[PDB]
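**Student:** Please see the structure below; I have some questions.
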Amino acid sequence: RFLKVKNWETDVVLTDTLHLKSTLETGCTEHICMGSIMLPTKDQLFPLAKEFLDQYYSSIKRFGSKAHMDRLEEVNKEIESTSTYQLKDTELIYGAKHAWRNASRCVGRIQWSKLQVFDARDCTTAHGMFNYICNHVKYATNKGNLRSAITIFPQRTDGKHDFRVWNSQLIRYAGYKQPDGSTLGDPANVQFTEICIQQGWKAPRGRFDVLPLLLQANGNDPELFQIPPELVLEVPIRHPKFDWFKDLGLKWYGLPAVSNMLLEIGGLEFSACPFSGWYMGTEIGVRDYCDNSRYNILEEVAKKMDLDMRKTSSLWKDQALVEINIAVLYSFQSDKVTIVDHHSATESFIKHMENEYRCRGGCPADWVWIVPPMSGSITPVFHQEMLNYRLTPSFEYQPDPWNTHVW
Amino acid sequence: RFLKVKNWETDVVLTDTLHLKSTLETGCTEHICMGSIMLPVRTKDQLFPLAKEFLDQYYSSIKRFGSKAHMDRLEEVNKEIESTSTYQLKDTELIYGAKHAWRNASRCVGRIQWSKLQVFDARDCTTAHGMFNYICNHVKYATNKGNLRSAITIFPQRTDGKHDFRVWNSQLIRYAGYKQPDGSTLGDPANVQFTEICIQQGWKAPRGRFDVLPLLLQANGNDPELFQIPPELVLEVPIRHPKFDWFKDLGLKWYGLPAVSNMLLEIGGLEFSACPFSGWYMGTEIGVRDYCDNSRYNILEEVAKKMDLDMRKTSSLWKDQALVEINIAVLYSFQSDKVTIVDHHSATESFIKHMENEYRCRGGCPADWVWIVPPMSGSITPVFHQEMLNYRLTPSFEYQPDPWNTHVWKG
Ligand code: HEM
Ligand code: HEM
Ligand SMILES: Cc1cc(N)nc2cc(CNCCc3ccc(C#N)cc3)ccc12
Ligand SMILES: Cc1cc(N)nc2cc(CNCCc3ccc(C#N)cc3)ccc12
Ligand SMILES: C[C@H](O)[C@H](O)[C@H]1CNc2nc(N)[nH]c(=O)c2N1
Ligand SMILES: C[C@H](O)[C@H](O)[C@H]1CNc2nc(N)[nH]c(=O)c2N1
Ligand SMILES: [Zn+2]
């Protein structure tokens with residue numbers, strides 16, 4: 001019941017008690033581990049509100065206080081009256097920061113307490129939503145000195161009045177299928193790109209076309225808006241040894257900002273809550289560029305390097321993968337756009353784990369996701385045992401809106 | 001109940017029914033996943049269902065389920081259990097069990113080979129010298145002058161747990177580690193404790209960086225004895241790089257035959273505490289883990305220096321760049337010397353095909369993603385993108401305590 005985790009590189013052992021707080025289910029059982037699977041009312045409301053307010057008030061050292069009890073009463077009466085309830089600014093902020101703190105798949109969590117929270121709960125329209133997002137994008141980009149942020153739109157009421165951002169990320173490249181069967185641009189976004197065009201977007205049918213926003217307010221039909229280009233900071237990718245590398249014509253955007261996740265705090269549901277930090281290099285260089293069902297550039301890069309691509313055992317893919325990732329880090333650092341290499345990030349995460357075990361009794365973590373997609377065992381996290389469990393408040397996945405939308 | 005797994009690179013979806021056969025436990029609960037945890041005397045009471053389950057499987061595989069030979073075999077084993085409190089496997093059953101323990105090994109990426117396994121029956125062995133002889137022949141057969149052949153040698157099963165056969169080495173062939181007065185480590189740091197034991201047991205250590213350890217062998221629960229593997233039986237490979245001529249001056253070599261000797265093989269409830277088995281290496285085992293783990297030979301810096309990389313900032317990925325060249329060297333050296341090895345691309349790709357075949361013919365293939373994915377270049381191999389389901393099937397290979405912590409010393 002008191003679980004131990006070991007680092008096999010250092011023999012450091014930590015004890016985890018925090019997991020006993022866990023409420024939600026993992027997908028695993030005593031008979032089967034699903035660790036590698038990607039996606040495994042009034043009466044419901046109050047214990048959830050109660051659990052949350054308890055931890056919030058414990059966090060501010062007023063557990064078992066009148067203020068605590070009063071708030072518990074006040075919310076309790078509001079749930080009886082209104083069915084739902086509203087979070088105070090303080091509780092909103094706490095909840096958001098803790099949703100991040102509890103995100104077991106995020107390696108960058110040492111930053112969790114330094115998060116700018118934009119309260120967009122006064123929003124009523126998609127234009128409103130567009131304005132709020134533009135401000136988010138500008139604030140977070142900060143001329144390249146990125147700052148973590150989340151913008152939070154009104155909470156769910158009856159599911160028929162949901163606020164949704166339809167994009168998977170605020171900034172992402174379009175995906176176009178071709179008559180010759182191939183794929184131009186980002187294959188991951190082929191489908192959403194269609195939905196834009198189906199709804200009016202005039203694609204430039206390019207390779208690196210910044211998608212338009214598709215915003216849904218109050219459950220209404222979603223609308224298109226183009227983010228001012230001047231707010232979309234991008235980085236041309238060059239290599240610091242290979243001068244042919246620029247002719248590959250690659251670039252990426254600096255702001256990683258997820259917009260399709262659901263934020264849950266004290267039983268309340270925020271279906272529209274875009275959040276952003278800054279990139280770890282491998283996200284772009286390894287996954288975005290080298291994944292086969294993505295930009296898939298390994299071959300062409302290997303050819304330009306004139307590598308023996310006859311046999312897998314030359315490890316040509318491995319050589320190229322490194323170089324590509326060198327270039328990404330190089331390009332971002334040169335243009336002074338914040339980025340972190342997989343070595344620095346995982347090192348930081350170990351320190352964070354140790355802080356969390358010491359000051360919280362543990363830190364939920366998904367090794368499958370925390371270990372970078374390259375050079376796994378030369379990063380410290382590979383040798384680090386982790387316990388995965390679900391803490392609330394949380395970020396959760398949610399269905400794509402187009403499958404659900406009563407037009 | 002049916003369980004679906006998805007490959008996110010191909011959209012290929014597979015349905016698992018085999019997990020329904022799984023009896024043993026994972027460590028996980030509906031409230032916690034322990035999938036990255038490394039490690040999460042039997043009565044006649046609990047022995048027959050295990051025998052029966054096994055024999056039911058065995059006879060199904062040979063399409064004689066419910067046959068008279070099946071039924072008589074069940075009766076025979078039952079009687080033998082209640083009479084003697086244990087039972088002996090037929091050669092056929094033993095072989096079947098060994099192969100299936102490998103088939104069921106969810107942490108093994110090399111399982112496409114599971115049906116080609118040379119089984120050596122050493123259940124007639126009685127002494128440590130007898131074990132030495134058996135182990136020598138295994139090494140010679142499995143090495144096959146570089147054309148490696150998978151093999152397992154099976155010593156007598158446990159009885160009361162007081163007459164256990166154990167091989168004290170973690171692998172049949174492994175390099176010594178020596179801790180020095182200055183705190184530094186000569187040789188393989190992973191083997192310092194075991195090395196110390198051998199020395200205490202009378203082993204005269206050369207004290208070099210690549211000394212093949214002596215065998216420390218325990219028969220019938222007696223104190224273990226030291227033996228030296230004839231050097232001519234130990235195939236080794238000097239590591240060089242196809243482009244970098246300074247690489248040979250690093251002075252690295254490794255042994256050709258990976259053979260684990262500290263695991264336990266369970267078959268129909270029977271426990272085989274000494275069952276060394278060997279296959280051949282995937283390149284990254286040496287090039288990534290053995291050479292480049294900080295707690296092992298830890299050669300990254302020296303290598304990156306010789307390549308003259310920018311080692312002042314990690315953002316150069318000097319470590320990543322060095323790691324690749326070393327792995328290229330290991331592959332290149334083995335291939336040049338015609339010693340069987342497989343790169344991590346070939347092996348993961350074969351495993352996907354194996355896995356798919358197993359879903360079709362068997363209804364599943366239990367797999368440990370955390371272990372299946374190679375320790376470099378993870379997502380450019382197809383297993384990274386493959387959802388897997390992990391669960392325990394018998395027959396199986398299990399971990400067991402190190403004998404030095406449990407052994408009762410005779411003198
Ligand atoms: C500030 C620097 C940050 C870094 C370096 C970072 C790093 C990462 C990485 C590498 C992943 C894996 C993503 C993938 O492979 O698709 C991830 C996932 C995630 N991050 Fe962080 N992140 C940062 C900021 C944030 C912030 C500000 C939040 C929320 C307020 C957050 C919450 C999450 C969540 C919920 C996931 C899981 C996403 C999913 O399951 O799809 N991160 N992060
Ligand atoms: C023939 C070529 C083979 C290859 C390429 C191969 C590959 C591998 C690799 C890379 C690992 C990971 C080990 C580690 O990272 O320490 C492993 C583990 C394992 N293999 Fe295989 N293997 C082969 C043959 C065999 C054979 C013949 C057996 C048994 C008869 C076997 C059973 C196992 C078991 C039980 C593990 C888990 C080890 C543990 O949990 O400590 N393998 N294999
Ligand atoms: C805050 C944040 C920071 C950062 N550096 N990177 C970040 C990356 C993400 C991206 N997570 C996407 C994970 C995913 C989800 C669904 C599918 C599918 N199909 C495939 C992959 C989100 C947030 C990030
Ligand atoms: C058949 C086999 C083949 C092959 N190519 N490689 C193989 C490697 C192994 C190696 N397993 C090592 C597992 C382990 C467990 C604990 C610790 C510690 N501390 C360190 C390592 C076993 C069998 C192999
Ligand atoms: C099958 C497997 O679960 C899947 O490919 C996971 C593996 N680990 C990952 N890790 C991160 N950071 N991001 C991912 O998308 C994935 N994908
Ligand atoms: C903590 C973690 O489980 C540990 O480092 C594991 C990870 N995956 C592994 N995978 C393989 N093949 N071999 C290993 O030794 C390990 N070690
Ligand atoms: Zn699990």
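To be explicit about the labels: the chains of the structure tokens are called A, B, and onward in the order shown, and within each one the residues are counted from 1, while ligands get numbers from 1 in the order they are shown.
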Quick one: which residues from chain B are at most 7 Å off chain A, using only C-alpha atoms, as a VMD selection string?
**Tutor:** chain B and resid 9 22 to 37 293 295 314 to 317 320 to 321 324 328 331 343 345 to 346 369 to 370 375 to 380 387 to 391
**Student:** Which parts of range 74-134 of chain B does DSSP call alpha helix (DSSP H) when run on the backbone here, written out as a PyMOL selection string?
**Tutor:** chain B and resi 74-84+91-103+128-134
**Student:** Please produce a file of the residues just selected, as a PDB file, in the first residue's frame, where the atoms kept are N, CA and C atoms.
**Tutor:**
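Okay, result.pdb is ready:
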ATOM      1  N   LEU B  74      -2.672 -38.040 -17.662  1.00  0.00           N
ATOM      2  CA  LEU B  74      -3.251 -37.316 -16.528  1.00  0.00           C
ATOM      3  C   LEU B  74      -3.298 -38.201 -15.289  1.00  0.00           C
ATOM      4  N   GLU B  75      -3.850 -39.404 -15.448  1.00  0.00           N
ATOM      5  CA  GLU B  75      -3.870 -40.408 -14.387  1.00  0.00           C
ATOM      6  C   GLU B  75      -2.473 -40.676 -13.845  1.00  0.00           C
ATOM      7  N   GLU B  76      -1.536 -40.953 -14.753  1.00  0.00           N
ATOM      8  CA  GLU B  76      -0.140 -41.213 -14.394  1.00  0.00           C
ATOM      9  C   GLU B  76       0.469 -40.102 -13.533  1.00  0.00           C
ATOM     10  N   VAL B  77       0.370 -38.859 -14.004  1.00  0.00           N
ATOM     11  CA  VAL B  77       0.913 -37.711 -13.274  1.00  0.00           C
ATOM     12  C   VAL B  77       0.245 -37.550 -11.901  1.00  0.00           C
ATOM     13  N   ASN B  78      -1.077 -37.682 -11.870  1.00  0.00           N
ATOM     14  CA  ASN B  78      -1.825 -37.608 -10.626  1.00  0.00           C
ATOM     15  C   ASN B  78      -1.300 -38.593  -9.598  1.00  0.00           C
ATOM     16  N   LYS B  79      -1.217 -39.864  -9.995  1.00  0.00           N
ATOM     17  CA  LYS B  79      -0.747 -40.931  -9.112  1.00  0.00           C
ATOM     18  C   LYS B  79       0.654 -40.617  -8.624  1.00  0.00           C
ATOM     19  N   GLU B  80       1.520 -40.253  -9.563  1.00  0.00           N
ATOM     20  CA  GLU B  80       2.902 -39.933  -9.248  1.00  0.00           C
ATOM     21  C   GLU B  80       2.988 -38.753  -8.272  1.00  0.00           C
ATOM     22  N   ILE B  81       2.153 -37.733  -8.469  1.00  0.00           N
ATOM     23  CA  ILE B  81       2.093 -36.632  -7.508  1.00  0.00           C
ATOM     24  C   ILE B  81       1.734 -37.173  -6.119  1.00  0.00           C
ATOM     25  N   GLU B  82       0.536 -37.719  -5.946  1.00  0.00           N
ATOM     26  CA  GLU B  82       0.112 -38.168  -4.618  1.00  0.00           C
ATOM     27  C   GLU B  82       1.035 -39.220  -3.985  1.00  0.00           C
ATOM     28  N   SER B  83       1.766 -39.963  -4.812  1.00  0.00           N
ATOM     29  CA  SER B  83       2.705 -40.969  -4.315  1.00  0.00           C
ATOM     30  C   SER B  83       4.026 -40.346  -3.869  1.00  0.00           C
ATOM     31  N   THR B  84       4.563 -39.483  -4.724  1.00  0.00           N
ATOM     32  CA  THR B  84       5.900 -38.928  -4.553  1.00  0.00           C
ATOM     33  C   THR B  84       5.912 -37.425  -4.252  1.00  0.00           C
ATOM     34  N   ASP B  91      10.253 -36.166 -22.048  1.00  0.00           N
ATOM     35  CA  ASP B  91      11.140 -35.331 -22.876  1.00  0.00           C
ATOM     36  C   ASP B  91      10.362 -34.378 -23.768  1.00  0.00           C
ATOM     37  N   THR B  92       9.286 -34.899 -24.349  1.00  0.00           N
ATOM     38  CA  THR B  92       8.448 -34.144 -25.268  1.00  0.00           C
ATOM     39  C   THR B  92       7.837 -32.954 -24.550  1.00  0.00           C
ATOM     40  N   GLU B  93       7.276 -33.220 -23.372  1.00  0.00           N
ATOM     41  CA  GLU B  93       6.632 -32.200 -22.557  1.00  0.00           C
ATOM     42  C   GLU B  93       7.642 -31.161 -22.120  1.00  0.00           C
ATOM     43  N   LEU B  94       8.833 -31.619 -21.734  1.00  0.00           N
ATOM     44  CA  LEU B  94       9.913 -30.718 -21.323  1.00  0.00           C
ATOM     45  C   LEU B  94      10.271 -29.764 -22.449  1.00  0.00           C
ATOM     46  N   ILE B  95      10.476 -30.316 -23.643  1.00  0.00           N
ATOM     47  CA  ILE B  95      10.815 -29.518 -24.814  1.00  0.00           C
ATOM     48  C   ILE B  95       9.694 -28.516 -25.114  1.00  0.00           C
ATOM     49  N   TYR B  96       8.460 -29.011 -25.197  1.00  0.00           N
ATOM     50  CA  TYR B  96       7.292 -28.170 -25.396  1.00  0.00           C
ATOM     51  C   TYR B  96       7.239 -27.029 -24.391  1.00  0.00           C
ATOM     52  N   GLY B  97       7.474 -27.352 -23.121  1.00  0.00           N
ATOM     53  CA  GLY B  97       7.442 -26.351 -22.066  1.00  0.00           C
ATOM     54  C   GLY B  97       8.499 -25.270 -22.211  1.00  0.00           C
ATOM     55  N   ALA B  98       9.726 -25.679 -22.542  1.00  0.00           N
ATOM     56  CA  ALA B  98      10.828 -24.737 -22.697  1.00  0.00           C
ATOM     57  C   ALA B  98      10.537 -23.741 -23.826  1.00  0.00           C
ATOM     58  N   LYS B  99      10.126 -24.261 -24.981  1.00  0.00           N
ATOM     59  CA  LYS B  99       9.772 -23.402 -26.109  1.00  0.00           C
ATOM     60  C   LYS B  99       8.652 -22.433 -25.751  1.00  0.00           C
ATOM     61  N   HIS B 100       7.676 -22.903 -24.975  1.00  0.00           N
ATOM     62  CA  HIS B 100       6.503 -22.068 -24.703  1.00  0.00           C
ATOM     63  C   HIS B 100       6.775 -21.010 -23.650  1.00  0.00           C
ATOM     64  N   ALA B 101       7.676 -21.324 -22.726  1.00  0.00           N
ATOM     65  CA  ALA B 101       8.162 -20.336 -21.774  1.00  0.00           C
ATOM     66  C   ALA B 101       8.809 -19.175 -22.524  1.00  0.00           C
ATOM     67  N   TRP B 102       9.501 -19.490 -23.616  1.00  0.00           N
ATOM     68  CA  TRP B 102      10.149 -18.461 -24.417  1.00  0.00           C
ATOM     69  C   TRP B 102       9.050 -17.707 -25.163  1.00  0.00           C
ATOM     70  N   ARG B 103       8.114 -18.462 -25.735  1.00  0.00           N
ATOM     71  CA  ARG B 103       7.005 -17.879 -26.490  1.00  0.00           C
ATOM     72  C   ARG B 103       6.244 -16.886 -25.644  1.00  0.00           C
ATOM     73  N   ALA B 128      28.497 -30.593  -9.467  1.00  0.00           N
ATOM     74  CA  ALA B 128      28.902 -29.321 -10.080  1.00  0.00           C
ATOM     75  C   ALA B 128      29.785 -29.553 -11.294  1.00  0.00           C
ATOM     76  N   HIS B 129      30.677 -30.536 -11.189  1.00  0.00           N
ATOM     77  CA  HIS B 129      31.487 -30.941 -12.329  1.00  0.00           C
ATOM     78  C   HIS B 129      30.597 -31.394 -13.475  1.00  0.00           C
ATOM     79  N   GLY B 130      29.558 -32.164 -13.154  1.00  0.00           N
ATOM     80  CA  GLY B 130      28.581 -32.551 -14.165  1.00  0.00           C
ATOM     81  C   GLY B 130      27.912 -31.337 -14.803  1.00  0.00           C
ATOM     82  N   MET B 131      27.691 -30.291 -14.013  1.00  0.00           N
ATOM     83  CA  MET B 131      27.069 -29.081 -14.537  1.00  0.00           C
ATOM     84  C   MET B 131      28.040 -28.359 -15.467  1.00  0.00           C
ATOM     85  N   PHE B 132      29.301 -28.295 -15.048  1.00  0.00           N
ATOM     86  CA  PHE B 132      30.350 -27.696 -15.864  1.00  0.00           C
ATOM     87  C   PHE B 132      30.389 -28.359 -17.242  1.00  0.00           C
ATOM     88  N   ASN B 133      30.445 -29.687 -17.264  1.00  0.00           N
ATOM     89  CA  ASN B 133      30.445 -30.391 -18.534  1.00  0.00           C
ATOM     90  C   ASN B 133      29.248 -30.039 -19.413  1.00  0.00           C
ATOM     91  N   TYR B 134      28.049 -30.079 -18.836  1.00  0.00           N
ATOM     92  CA  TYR B 134      26.836 -29.712 -19.582  1.00  0.00           C
ATOM     93  C   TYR B 134      26.901 -28.291 -20.136  1.00  0.00           C
TER      94      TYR B 134
END
**Student:** Compare B:298, B:218, B:170, B:67 by their minimum atom-to-atom distance to residue 322 in chain B, counting only C-alpha atoms, and give me the closest one.
**Tutor:** B:298
**Student:** For a test of reading the model, state the distance in Å between CA of residue 2 in chain B and CA of residue 353 in chain B, rounded to one decimal.
**Tutor:**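 Computing the Euclidean distance for CA of residue 2 in chain B and CA of residue 353 in chain B yields 21.0 Å.
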**Student:** Measuring between only C-alpha atoms and all ligand atoms, which one of A:251, A:105, A:42, A:66 shows the shortest distance to ligand 3?
**Tutor:** A:105
**Student:** Which one is closest to ligand 4: B:181, B:187, B:49, B:276? Count only C-alpha atoms and all ligand atoms.
**Tutor:**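 Selected residue with least distance to ligand 4: B:276.
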**Student:** Output the neighbourhood of ligand 1 as a list in words, that is, all protein and nucleic acid residues with some atom at most 7 Å from the ligand, counting only C-alpha atoms and all ligand atoms.
**Tutor:** residues 96, 97, 100, 103, 105, 106, 107, 108, 109, 111, 112, 115, 148, 149, 150, 275, 276, 277, 278, 279, 280, 283, 340, 345, 369 and 395 of chain A
**Student:** Which protein, DNA or RNA residues have an atom within 7 Å of ligand 2, counting only C-alpha atoms and all ligand atoms, as a PyMOL selection string?
**Tutor:** chain B and resi 98-99+102+105+107-111+113-114+117+150-152+277-282+285+342+347+371+397
**Student:** Once you have the residues from the selection above, write them out as an mmCIF file, in the first residue's frame, restricted to C-alpha atoms.
**Tutor:**
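Printed below is result_5.cif as written:
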data_model
loop_
_atom_site.group_PDB
_atom_site.id
_atom_site.type_symbol
_atom_site.label_atom_id
_atom_site.label_comp_id
_atom_site.auth_asym_id
_atom_site.auth_seq_id
_atom_site.Cartn_x
_atom_site.Cartn_y
_atom_site.Cartn_z
ATOM 1 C CA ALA B 98 10.828 -24.737 -22.697
ATOM 2 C CA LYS B 99 9.772 -23.402 -26.109
ATOM 3 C CA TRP B 102 10.149 -18.461 -24.417
ATOM 4 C CA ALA B 105 8.286 -14.161 -22.463
ATOM 5 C CA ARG B 107 9.875 -8.826 -22.499
ATOM 6 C CA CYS B 108 11.615 -10.639 -25.400
ATOM 7 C CA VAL B 109 11.735 -8.951 -28.829
ATOM 8 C CA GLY B 110 13.350 -12.032 -30.412
ATOM 9 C CA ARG B 111 10.382 -14.401 -30.066
ATOM 10 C CA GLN B 113 12.518 -17.632 -33.245
ATOM 11 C CA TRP B 114 10.747 -19.359 -30.343
ATOM 12 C CA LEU B 117 15.198 -23.881 -29.711
ATOM 13 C CA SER B 150 19.407 -20.770 -29.575
ATOM 14 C CA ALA B 151 19.728 -23.335 -26.811
ATOM 15 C CA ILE B 152 18.648 -24.030 -23.239
ATOM 16 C CA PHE B 277 19.483 -20.216 -22.126
ATOM 17 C CA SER B 278 21.135 -18.315 -24.990
ATOM 18 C CA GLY B 279 20.257 -16.801 -28.359
ATOM 19 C CA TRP B 280 22.172 -14.009 -30.054
ATOM 20 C CA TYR B 281 22.533 -10.266 -29.400
ATOM 21 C CA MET B 282 20.522 -7.338 -30.646
ATOM 22 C CA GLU B 285 22.277 -4.480 -25.832
ATOM 23 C CA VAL B 342 20.743 -8.317 -35.344
ATOM 24 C CA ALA B 347 14.515 -7.148 -34.910
ATOM 25 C CA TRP B 371 11.168 -3.560 -22.684
ATOM 26 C CA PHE B 397 10.740 -17.739 -17.126
#
**Student:** Neighbouring residues of residue 332 in chain A were defined as those with any atom within 10 Å, considering only C-alpha atoms; residues of the same chain fewer than 6 positions away were excluded. Please report them as a PyMOL selection string.
**Tutor:** chain A and resi 144+234-238+252-254+279+281+338-340
**Student:** If we count only C-alpha atoms and set the cut-off at 7 Å, which residues sit around range 189-193 of chain B, ignoring sequence neighbours fewer than 6 positions away in its own chain? Please answer as a PyMOL selection string.
**Tutor:** chain B and resi 176-179+295-296
